[PDB]
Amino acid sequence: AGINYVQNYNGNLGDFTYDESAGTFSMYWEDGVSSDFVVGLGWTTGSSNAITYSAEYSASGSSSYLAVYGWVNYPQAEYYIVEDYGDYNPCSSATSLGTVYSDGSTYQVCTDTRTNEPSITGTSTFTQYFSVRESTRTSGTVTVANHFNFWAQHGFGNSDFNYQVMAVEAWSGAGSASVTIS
């Protein structure tokens, strides 16, 4: 996949292993976590190219996501295309933007504003964009373009991309995850 970036945000909170060249990574937090971590493999500059992945993901009792994750520099935005998740749906609370259909399923799409929080610039106010898969899965292709195009109708800059990775995130509870990016 031309993986050239390792995402490790508090990976030390659980057990994070990875092989850039194989496009694989695992992450165990079986003892539970009480703080947020985001780990994964990807690219230093994001693009609208499709991402194919395969995963073993077990996070039923955990506030966790198995998602395509990345940032946009300006307007600053953090984004997720959540394929599978734990006990928490971000669109349950956020402002609804509609629905989008892609790769065999509809995704609820929502947005939210984070004030003075950890960001690719340290601490700041940024916008989040979420596409949550209606029929969750742990393997398949994500045609990122379909999501970027829909979000772009609502403010998503759709250019000036920072990093983008296939990620696993959790900030409560315990779980397990093994992922391969093809």
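When you see a residue number, it is the position in the sequence shown, counting from 1.
Relative to one another, 165-173 and 15-23 have unequal mean CA B-factors, and 15-23 is the one with the higher figure. Comparing the deposited coordinates for 35-43 and 114-122, the stretch with the larger average C-alpha B-factor is 114-122. Of the candidates 76, 93, 108, 102, the deposited coordinates give 93 the top C-alpha B factor.
In the PDB entry, the Cα temperature factor peaks, among 148, 129, 29, 65, at 29. In the PDB entry, a CA B factor belonging to the lowest third of its chain's modelled residues is recorded for residue 143. Compared with the other modelled residues of the chain, the Cα B-factor recorded for residue 182 ranks in the highest third. Split the chain's modelled residues into thirds by C-alpha temperature factor. Residue 83 is in the lowest one.
Ranked against the other modelled residues of its chain, the C-alpha B-factor of residue 155 as given in the entry falls in the middle third.
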